[PDB]
Amino acid sequence: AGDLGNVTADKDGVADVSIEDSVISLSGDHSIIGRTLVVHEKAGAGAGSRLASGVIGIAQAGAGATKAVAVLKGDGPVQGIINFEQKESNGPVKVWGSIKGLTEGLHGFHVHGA
């Protein structure tokens with residue numbers, strides 16, 4: 001699991017994220033909690049990108065529900081906060097937040113090692 005497509009940074013270097021994914025889970029036996037979220041700092045499909053990254057940490061939530069947060073840190077100004085929420089065990093996961101400092105355009109976005 002873990003592919004989250006690409007995010008799009010604007011001319012200000014801000015990528016607002018709003019995704020739902022049902023391949024990843026915050027629960028069950030293959031949870032992404034504790035995995036590292038990564039964003040390519042190079043725009044587009046080219047090899048040799050540096051990465052901004054952060055570990056997906058548990059946040060207090062409810063009952064069968066789970067919330068998690070990754071604080072992304074990269075080079076120079078790249079930084080962001082990405083939230084994950086899952087209402088029921090092995091249900092769809094909502095992924096949302098924002099990343100700043102990015103070059104304008106498409107950036108690969110995915111959970112590593114999941």
# chains A, B, ... in the order shown; residues from 1 in each chain; ligands from 1
>>> residues_around(residues="segment 93-105 of chain A", least_positions_apart="2", cutoff="7 Å", atoms="only C-alpha atoms", output="PyMOL selection string")
chain A and resi 8-11+13-22+24-25+41+43+77-86+91+107
>>> residues_around(residues="segment 56-58 of chain A", least_positions_apart="2", cutoff="8 Å", atoms="only C-alpha atoms", output="PyMOL selection string")
chain A and resi 32-37+54+60+66-71
>>> residues_around(residues="residue 50 of chain A", least_positions_apart="4", cutoff="10 Å", atoms="only C-alpha atoms", output="list in words")
residues 38, 39, 40, 41, 42, 74 and 75 of chain A
>>> atom_distance(atom1="atom CA of residue 63 of chain A", atom2="atom CA of residue 89 of chain A")
9.4 Å
>>> select_by_dssp(residues="chain A", states="strand (DSSP E)", output="PyMOL selection string")
chain A and resi 3-9+15-21+36-40+51-59+66-73+79-86+93-100+105-112
>>> atom_distance(atom1="atom CA of residue 3 of chain A", atom2="atom CA of residue 113 of chain A")
10.3 Å
